[PDB]
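> Quick one: the structure is below, questions incoming.
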Amino acid sequence: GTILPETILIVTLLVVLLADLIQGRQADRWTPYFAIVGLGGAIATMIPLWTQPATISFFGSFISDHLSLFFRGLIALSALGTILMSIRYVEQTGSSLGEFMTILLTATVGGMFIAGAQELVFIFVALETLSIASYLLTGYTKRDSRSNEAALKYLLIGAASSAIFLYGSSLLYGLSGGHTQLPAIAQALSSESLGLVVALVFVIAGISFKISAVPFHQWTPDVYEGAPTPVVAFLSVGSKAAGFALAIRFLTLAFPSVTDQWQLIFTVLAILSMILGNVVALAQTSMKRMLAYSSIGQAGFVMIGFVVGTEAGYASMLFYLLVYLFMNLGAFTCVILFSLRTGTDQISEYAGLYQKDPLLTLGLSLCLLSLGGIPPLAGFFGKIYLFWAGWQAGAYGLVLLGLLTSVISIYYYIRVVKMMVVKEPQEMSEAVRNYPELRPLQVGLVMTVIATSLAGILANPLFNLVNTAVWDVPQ
Amino acid sequence: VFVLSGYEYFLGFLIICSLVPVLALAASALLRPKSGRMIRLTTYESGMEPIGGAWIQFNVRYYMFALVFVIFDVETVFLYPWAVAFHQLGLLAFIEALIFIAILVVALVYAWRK
Amino acid sequence: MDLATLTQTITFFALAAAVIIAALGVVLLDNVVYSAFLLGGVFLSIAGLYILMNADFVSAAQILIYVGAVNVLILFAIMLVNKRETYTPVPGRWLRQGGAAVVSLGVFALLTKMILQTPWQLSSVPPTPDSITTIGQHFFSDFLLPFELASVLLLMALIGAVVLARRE
Amino acid sequence: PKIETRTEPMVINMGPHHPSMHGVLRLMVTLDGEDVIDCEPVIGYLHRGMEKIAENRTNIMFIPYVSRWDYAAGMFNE
Amino acid sequence: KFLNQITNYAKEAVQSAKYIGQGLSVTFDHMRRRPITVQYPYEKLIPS
Amino acid sequence: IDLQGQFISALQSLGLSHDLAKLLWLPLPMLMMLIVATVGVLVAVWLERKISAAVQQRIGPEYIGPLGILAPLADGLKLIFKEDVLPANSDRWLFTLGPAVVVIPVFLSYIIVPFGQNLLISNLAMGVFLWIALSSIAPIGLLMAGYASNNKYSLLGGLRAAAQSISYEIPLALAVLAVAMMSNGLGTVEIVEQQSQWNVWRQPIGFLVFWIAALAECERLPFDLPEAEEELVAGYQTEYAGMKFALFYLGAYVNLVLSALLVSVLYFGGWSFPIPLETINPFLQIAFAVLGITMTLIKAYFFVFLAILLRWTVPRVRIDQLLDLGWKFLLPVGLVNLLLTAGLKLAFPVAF
Amino acid sequence: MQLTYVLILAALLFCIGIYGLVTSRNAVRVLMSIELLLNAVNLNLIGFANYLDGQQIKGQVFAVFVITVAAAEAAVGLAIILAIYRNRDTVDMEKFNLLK
């Protein structure tokens, strides 16, 4: 009943089948296009059911308020960018393309489902679609030992964390009589208890694996090195957005809006994440590993974002996450476009690139600088709005600490610019001596860099968006 | 509370059927020659002795079929209550289950073309 | 204080002892083939435990999928990777175990402290025998999205394993 | 009890004790995953010494030996 | 392109079923013909 | 005549704790089904042994007893009397446990075959689905027999036993789903009380599906690859000498008998001289009971006969020609049959 | 036969699965423990279904989806293990340490 909130998802689902069928018949087709078309059609279908109708529930198993619209459109854009990146990156390796985009769209459908769910079974199944698709994409290039090792380790860890989440969900069904819903669960048990806290903590363990928070982080660095790069580019953004949507829609709504100790636990995890990622990425040599620990720190900034729920911390998370999408996808487009041509190597080989390819230098420089909180750039506005919200409620240590760790993270964000710009032709590396100098990647990089360089001052149109979105969450 | 009515024979019959092998086999040791252990223990490689090393040269020729079997065998468990409730359900659950079956058939065609 | 509730009790404790012993056999035994067969034994004993709890369809399904299909898959994958198990020990081979043990043990106690502290809602009503028609109704009334979406889950898993174990 | 698989071609023995009629014959065969690269056929399990028995045996004395070469048809050789 | 494949498929199936039923009828015909067995110890055979 | 009632009441007349009385009626049918199972094994062995001689202008055993009636008696008593040998590096626990694992569930699945209404053990609401489940345990015993033997010759042919048994359970399931449509459930009594005047006429395709998937349970010379005597001697069985080989032998024939009885109850019915019976009273109940038992055994015998008669009509298939039946002829056709029956029950709910 | 000891038995399987998950030397021997954990959660769900929420069983369905996804995930895991066996030619999980 009421499949209208479902249209987008099944629309994408349709093309999944299609992108296999044309891939099963032809074996060499033009499937990179019209996947973009259906994702655009989905994001277009989002507007008629954004605010024109009121929020409604499918059968009580799925609600499509503005928050779900936000997260679904976000994950769709992440998949779109990752496709535009991965077309000529996976073709460079001796591997297929149809199964790849099939699995990527499947993860996307899972993450677009989990952002609008309020029932335990369906949460688990969507979570497992996205998780298993990630387990595959991590190891899709099984010619290398490290890719397969990362896929194995990520699969096993995620299976264990999912089983813990599943135990906790079982308890939360147990407690309050039947109730596998979420608005009815945090409805028949409304008081502190031991078992409710155990269920809380196990669900925190299940979610932190998704949002890369520490100590639940050990998969991100190894996996982001080993895995395919555009896979990582979708993985970080989309898995995080699904994880945070799950965190809100579970902890706030289905779970309990009573036992608010989880705020304390997220303060602990955010403190540790800031102190760990931005400090330990400072001692690295690879880009992908650096971006992993960066992603951890950025997650910490978000986690202080939504630990202060006052109708602005949540909004700040949402905006900063929208903005981190653009920023991180741009950085990954640049490292793709560098690793393809000649380099295929680590940080020290970027030196002297400003003479050969200035466009890539502009792109990656602006993206890395925005990640560190540099003025006019979108990440700066995201971080200052996080600080505004988290300071308004009364968290004082978190704001100072996140500011300080941003001041620390600018160092390893600027090392890359020292390479790409400052290093003179007497200090090029061997990779850049023989640098030569695809189309969808370039247009994606431009569409991304102009966004992260202009969507900080053009912010009112998409602060009204987010504050319209977050009327719905309890507080 | 136990509402299954139709058991209390499954248990005892699991017991008696787990007791026929151990008892027909225990009624053999009581009357049979003992062991003869020197060279009757060797391994049948058609009269000749085994070569040595003794490996198998493993292959996916029997793994992949178990994989797709796990898939299509998990699938059937979603179909028994469908068939059994098809009286009560009627239409809009046949339309809604041929989707399941069609996506299954797409998986089947994928495995078939390879 | 009865014969019909006594058989349930004796069968339950026998099956539980079998489960625990066979799981410890899965985890402690050095040889892994014995562990796989004992894992199948665990699956059968749990399928027999479900029948005491008025779940027969899911019991037959556990006997049909896990022991029937997954356990066979493990018994293939295990001889795929047997090379006489030539493993030299590490100095901390005991240390890790101890850590795991105390950690694991704590969790058990912690969970037990919950299970005996919280006032469950026993809901004294006779359950329903028809535990298969009802699941059919729930696949198309309440839990329809997981049905429709586990469809594509299974598709994607097939597409993945078929192209991750392929020999090339 | 087990056999310790490895990524190498497998050698198997189709020994003298065939479950068939096609004489007694070895076929030490090496395979690559239910294939066949080659095989050493170790025939020789039925050499009893005709060609040196036929030097102390005149024609009429030797002619019953002769019908044991082709056990199926003992007149293409008589 | 696709319909012809299904027709050839069904044709192979039908021809296989027919060539199996042929041997079926043959063996079911052999089980009325008298046994040519020589029940030796009671039905010995006379040498030449 | 409700023999349960009189057995309990006459036994409740001299006391004996009426609950205990209901407890003490359990083993009677539970062993009666073992009796008819063992008898069906003896009959199947003798039948194959004489009909495989009729096909060839041969005469089977006639010096054992009158007509070979005591031939499997001799076989079984011998195999008791034979030595058992445990080869060099083989495991001691798994070796003498493989055959038990592959033999037990086939007996345990005799808790559903009717032979007559209220003349069975404990009609389960699950019924045939439990058979489809328990039949999937045999490959574990086969792989056990393969691993628990230093004979690479065995393990090389025990894996292909867990390649066909793991291949002809899906269409075997779909063909019985097609029956679960019609019959309001899965119990055998409900599959068959739907016939009051048969499913074969309305399942003309699923008959072939079920019947090819049942013959191909590592049973018969159309496939029976894991005992391919000519390809590789007795596969996994060649190190099993005494009563263990008898367990394997027993298991094959008793599974064949179960398949025949189960085709009978599914598609034809263990009752129903094809006129609408019960149109024409203890002395009448004891008559229709015998009539239903007899007709059940008639149809089961016809299927045993056809099964053994394919063994001597149909040369085997390697392994690729085999597994191109599953997933290429039985599974697509089973899906088509399921969808067809579903659509017809949606359109024409009458008659189903 | 009571809910309490069913929960305790499931928690004991959970404990044992963690012990096998940390103690494992092989890499195929970890999925076994994971499956034990999933079995334990199924056991809890079925207990809750019998005692707490009976007239409309709702945990049995969730256990069906659990055994489904667990079978699929074990499939994918063994597929990955078959691939790492191609390169490293072992499953000694303490040899997969590509970081210092």
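Chain labels run A, B, ... following the order of the structure tokens; each chain numbers its residues from 1, and ligands are numbered from 1 in the order shown.
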Could the residues of chain B within 12 Å of chain D, counting only C-alpha atoms, be given as an NGL selection string, please?
:B and (43-62)
> Write out, as a JSON list (two decimals), in the first residue's frame, the residues just selected, with N, CA, C and O atoms.

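Everything below was put into again-v4.json:
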[["chain", "number", "residue", "atom", "x", "y", "z"],
["B", 43, "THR", "N", 45.33, -49.23, 1.12],
["B", 43, "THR", "CA", 44.30, -48.47, 0.42],
["B", 43, "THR", "C", 44.19, -48.94, -1.02],
["B", 43, "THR", "O", 45.19, -49.10, -1.72],
["B", 44, "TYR", "N", 42.97, -49.21, -1.44],
["B", 44, "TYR", "CA", 42.72, -49.74, -2.77],
["B", 44, "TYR", "C", 42.98, -48.79, -3.94],
["B", 44, "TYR", "O", 42.19, -47.91, -4.21],
["B", 45, "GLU", "N", 44.12, -48.98, -4.60],
["B", 45, "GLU", "CA", 44.46, -48.24, -5.80],
["B", 45, "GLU", "C", 44.61, -49.22, -6.95],
["B", 45, "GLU", "O", 45.59, -49.19, -7.71],
["B", 46, "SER", "N", 43.65, -50.13, -7.07],
["B", 46, "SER", "CA", 43.59, -51.12, -8.15],
["B", 46, "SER", "C", 44.80, -52.04, -8.16],
["B", 46, "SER", "O", 45.56, -52.10, -9.13],
["B", 47, "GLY", "N", 44.98, -52.78, -7.08],
["B", 47, "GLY", "CA", 46.07, -53.75, -7.00],
["B", 47, "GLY", "C", 47.44, -53.16, -6.77],
["B", 47, "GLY", "O", 48.14, -53.56, -5.83],
["B", 48, "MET", "N", 47.85, -52.24, -7.62],
["B", 48, "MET", "CA", 49.09, -51.50, -7.40],
["B", 48, "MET", "C", 49.00, -50.68, -6.13],
["B", 48, "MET", "O", 47.92, -50.42, -5.60],
["B", 49, "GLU", "N", 50.16, -50.27, -5.64],
["B", 49, "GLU", "CA", 50.24, -49.41, -4.48],
["B", 49, "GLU", "C", 50.04, -47.96, -4.92],
["B", 49, "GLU", "O", 50.28, -47.62, -6.08],
["B", 50, "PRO", "N", 49.57, -47.08, -4.03],
["B", 50, "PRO", "CA", 49.47, -45.66, -4.40],
["B", 50, "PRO", "C", 50.82, -45.07, -4.78],
["B", 50, "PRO", "O", 51.87, -45.54, -4.34],
["B", 51, "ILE", "N", 50.77, -44.03, -5.61],
["B", 51, "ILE", "CA", 52.00, -43.45, -6.15],
["B", 51, "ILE", "C", 52.78, -42.76, -5.04],
["B", 51, "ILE", "O", 53.93, -43.11, -4.75],
["B", 52, "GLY", "N", 52.16, -41.77, -4.41],
["B", 52, "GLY", "CA", 52.80, -40.93, -3.42],
["B", 52, "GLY", "C", 52.45, -39.48, -3.65],
["B", 52, "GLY", "O", 51.99, -39.12, -4.74],
["B", 53, "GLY", "N", 52.65, -38.64, -2.64],
["B", 53, "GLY", "CA", 52.23, -37.25, -2.73],
["B", 53, "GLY", "C", 50.74, -37.14, -2.45],
["B", 53, "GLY", "O", 50.34, -36.57, -1.43],
["B", 54, "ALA", "N", 49.92, -37.70, -3.35],
["B", 54, "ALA", "CA", 48.49, -37.88, -3.10],
["B", 54, "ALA", "C", 47.81, -36.53, -2.85],
["B", 54, "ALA", "O", 47.55, -36.16, -1.71],
["B", 55, "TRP", "N", 47.66, -35.77, -3.92],
["B", 55, "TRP", "CA", 46.84, -34.57, -3.94],
["B", 55, "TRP", "C", 45.66, -34.77, -4.89],
["B", 55, "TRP", "O", 45.48, -35.85, -5.45],
["B", 56, "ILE", "N", 44.86, -33.72, -5.06],
["B", 56, "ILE", "CA", 43.59, -33.81, -5.78],
["B", 56, "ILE", "C", 43.47, -32.84, -6.94],
["B", 56, "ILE", "O", 42.66, -33.07, -7.86],
["B", 57, "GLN", "N", 44.26, -31.76, -7.02],
["B", 57, "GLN", "CA", 44.13, -30.77, -8.09],
["B", 57, "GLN", "C", 42.73, -30.14, -8.06],
["B", 57, "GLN", "O", 41.91, -30.31, -8.95],
["B", 58, "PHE", "N", 42.51, -29.40, -6.97],
["B", 58, "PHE", "CA", 41.18, -28.87, -6.65],
["B", 58, "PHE", "C", 40.63, -28.01, -7.78],
["B", 58, "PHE", "O", 41.38, -27.45, -8.59],
["B", 59, "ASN", "N", 39.31, -27.89, -7.82],
["B", 59, "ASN", "CA", 38.61, -27.17, -8.87],
["B", 59, "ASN", "C", 37.32, -26.58, -8.33],
["B", 59, "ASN", "O", 36.76, -27.06, -7.34],
["B", 60, "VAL", "N", 36.85, -25.52, -8.99],
["B", 60, "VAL", "CA", 35.60, -24.85, -8.66],
["B", 60, "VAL", "C", 34.42, -25.57, -9.32],
["B", 60, "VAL", "O", 33.26, -25.18, -9.15],
["B", 61, "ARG", "N", 34.70, -26.66, -10.04],
["B", 61, "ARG", "CA", 33.66, -27.35, -10.80],
["B", 61, "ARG", "C", 32.54, -27.87, -9.91],
["B", 61, "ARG", "O", 31.44, -28.13, -10.41],
["B", 62, "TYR", "N", 32.79, -28.02, -8.61],
["B", 62, "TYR", "CA", 31.79, -28.48, -7.65],
["B", 62, "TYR", "C", 31.46, -27.45, -6.58],
["B", 62, "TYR", "O", 30.52, -27.66, -5.82]]
> Contacts of range 82-96 of chain B at 8 Å or less, counting only C-alpha atoms, minus same-chain residues fewer than 5 places along, as a list in words?
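In the requested format, the answer is residues 132, 133, 136, 137 and 140 of chain C; 177, 178, 180, 181, 184, 185, 186, 342 and 346 of chain F.
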> Give me the residues within 6 Å of range 359-372 of chain A as JSON, numbers by chain, counting only C-alpha atoms and dropping any in the same chain fewer than 4 places off.
{"A": [327, 331, 334, 377, 379, 406, 410, 413, 449]}
> Could you please tell me, as a list in words, which residues of chain G have an atom within 12 Å of chain D when using only C-alpha atoms?
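Every residue of chain G that passes the 12 Å test is in residues 85, 86, 87, 89 and 90 of chain G.
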> Taking into account only C-alpha atoms, which residue in the set A:17, A:138, A:97, A:292 is nearest to residue 105 in chain B?
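Result for the nearest residue to residue 105 in chain B: A:17.
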> Find the residues in chain F near chain B: any atom within 6 Å counts, using only C-alpha atoms. Write them as a PyMOL selection string.
chain F and resi 80-83+87-88+100+104+122-124+151+180-181+184-185
> Can I get the selection written as a PDB file, in the first residue's frame, with N, CA, C and O atoms?

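Printed below is part20.pdb as written:
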ATOM      1  N   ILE F  80      26.445 -59.151   7.814  1.00  0.00           N
ATOM      2  CA  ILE F  80      26.668 -59.208   9.257  1.00  0.00           C
ATOM      3  C   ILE F  80      27.914 -60.026   9.555  1.00  0.00           C
ATOM      4  O   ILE F  80      28.802 -59.593  10.298  1.00  0.00           O
ATOM      5  N   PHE F  81      27.994 -61.223   8.984  1.00  0.00           N
ATOM      6  CA  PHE F  81      29.037 -62.183   9.314  1.00  0.00           C
ATOM      7  C   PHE F  81      30.408 -61.803   8.779  1.00  0.00           C
ATOM      8  O   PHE F  81      31.401 -62.417   9.181  1.00  0.00           O
ATOM      9  N   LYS F  82      30.498 -60.815   7.898  1.00  0.00           N
ATOM     10  CA  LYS F  82      31.780 -60.466   7.312  1.00  0.00           C
ATOM     11  C   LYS F  82      32.622 -59.653   8.280  1.00  0.00           C
ATOM     12  O   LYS F  82      32.110 -58.950   9.154  1.00  0.00           O
ATOM     13  N   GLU F  83      33.932 -59.756   8.105  1.00  0.00           N
ATOM     14  CA  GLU F  83      34.848 -58.867   8.791  1.00  0.00           C
ATOM     15  C   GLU F  83      34.610 -57.433   8.345  1.00  0.00           C
ATOM     16  O   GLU F  83      34.186 -57.172   7.217  1.00  0.00           O
ATOM     17  N   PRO F  87      40.725 -48.965   7.187  1.00  0.00           N
ATOM     18  CA  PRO F  87      42.040 -48.789   6.554  1.00  0.00           C
ATOM     19  C   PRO F  87      42.973 -47.847   7.295  1.00  0.00           C
ATOM     20  O   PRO F  87      42.604 -47.261   8.316  1.00  0.00           O
ATOM     21  N   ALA F  88      44.193 -47.706   6.777  1.00  0.00           N
ATOM     22  CA  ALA F  88      45.335 -47.230   7.547  1.00  0.00           C
ATOM     23  C   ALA F  88      45.136 -45.858   8.175  1.00  0.00           C
ATOM     24  O   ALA F  88      45.108 -45.735   9.403  1.00  0.00           O
ATOM     25  N   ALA F 100      25.523 -44.295   8.592  1.00  0.00           N
ATOM     26  CA  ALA F 100      24.412 -43.986   9.478  1.00  0.00           C
ATOM     27  C   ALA F 100      23.772 -42.656   9.107  1.00  0.00           C
ATOM     28  O   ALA F 100      22.543 -42.542   9.058  1.00  0.00           O
ATOM     29  N   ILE F 104      19.852 -42.844   8.014  1.00  0.00           N
ATOM     30  CA  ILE F 104      18.848 -42.528   9.037  1.00  0.00           C
ATOM     31  C   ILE F 104      17.692 -41.685   8.502  1.00  0.00           C
ATOM     32  O   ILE F 104      16.529 -42.096   8.672  1.00  0.00           O
ATOM     33  N   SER F 122       1.340 -40.017  12.964  1.00  0.00           N
ATOM     34  CA  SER F 122       1.496 -38.612  13.311  1.00  0.00           C
ATOM     35  C   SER F 122       1.538 -37.680  12.110  1.00  0.00           C
ATOM     36  O   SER F 122       2.618 -37.198  11.755  1.00  0.00           O
ATOM     37  N   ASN F 123       0.404 -37.486  11.436  1.00  0.00           N
ATOM     38  CA  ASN F 123       0.344 -36.556  10.317  1.00  0.00           C
ATOM     39  C   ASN F 123       0.874 -35.190  10.721  1.00  0.00           C
ATOM     40  O   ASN F 123       0.260 -34.485  11.527  1.00  0.00           O
ATOM     41  N   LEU F 124       2.018 -34.820  10.158  1.00  0.00           N
ATOM     42  CA  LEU F 124       2.623 -33.535  10.459  1.00  0.00           C
ATOM     43  C   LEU F 124       2.050 -32.466   9.544  1.00  0.00           C
ATOM     44  O   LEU F 124       1.813 -32.701   8.356  1.00  0.00           O
ATOM     45  N   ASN F 151      41.597 -43.106   0.495  1.00  0.00           N
ATOM     46  CA  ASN F 151      41.423 -43.444  -0.910  1.00  0.00           C
ATOM     47  C   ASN F 151      41.024 -42.325  -1.866  1.00  0.00           C
ATOM     48  O   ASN F 151      39.860 -42.186  -2.178  1.00  0.00           O
ATOM     49  N   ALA F 180       1.336 -27.973  -3.260  1.00  0.00           N
ATOM     50  CA  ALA F 180       0.949 -27.218  -2.078  1.00  0.00           C
ATOM     51  C   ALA F 180      -0.007 -26.086  -2.425  1.00  0.00           C
ATOM     52  O   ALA F 180      -0.746 -25.613  -1.554  1.00  0.00           O
ATOM     53  N   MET F 181       0.007 -25.627  -3.677  1.00  0.00           N
ATOM     54  CA  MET F 181      -1.021 -24.709  -4.154  1.00  0.00           C
ATOM     55  C   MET F 181      -2.408 -25.287  -3.936  1.00  0.00           C
ATOM     56  O   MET F 181      -3.248 -24.694  -3.255  1.00  0.00           O
ATOM     57  N   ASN F 184      -4.331 -26.760   0.105  1.00  0.00           N
ATOM     58  CA  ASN F 184      -4.538 -26.012   1.345  1.00  0.00           C
ATOM     59  C   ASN F 184      -3.394 -26.159   2.348  1.00  0.00           C
ATOM     60  O   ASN F 184      -3.524 -25.721   3.496  1.00  0.00           O
ATOM     61  N   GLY F 185      -2.274 -26.757   1.949  1.00  0.00           N
ATOM     62  CA  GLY F 185      -1.195 -26.978   2.887  1.00  0.00           C
ATOM     63  C   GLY F 185      -0.113 -27.912   2.394  1.00  0.00           C
ATOM     64  O   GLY F 185       0.211 -27.926   1.203  1.00  0.00           O
TER      65      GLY F 185
END
> From the list G:30, G:69, G:93, G:63, which residue is nearest residue 46 in chain G when using only C-alpha atoms?
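Nearest to residue 46 in chain G: G:63.
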> Pick out the residues sitting within 9 Å of range 432-435 of chain A, and hand them over as a PDB file with C-alpha atoms, in the first residue's frame; count only C-alpha atoms, and ignore anything fewer than 5 positions along from it in its own chain.

ATOM      1  CA  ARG A 341      47.862   8.698 -16.387  1.00  0.00           C
ATOM      2  CA  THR A 342      51.374   7.666 -15.329  1.00  0.00           C
ATOM      3  CA  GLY A 343      51.788   7.938 -11.578  1.00  0.00           C
ATOM      4  CA  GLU A 349      54.982  11.639  -6.538  1.00  0.00           C
ATOM      5  CA  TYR A 350      52.601  14.615  -6.912  1.00  0.00           C
ATOM      6  CA  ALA A 351      55.511  17.053  -6.936  1.00  0.00           C
ATOM      7  CA  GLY A 352      55.808  19.501  -9.807  1.00  0.00           C
ATOM      8  CA  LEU A 353      52.323  18.922 -11.212  1.00  0.00           C
ATOM      9  CA  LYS A 356      51.851  19.820 -16.462  1.00  0.00           C
ATOM     10  CA  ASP A 357      48.183  19.657 -15.381  1.00  0.00           C
TER      11      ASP A 357
END
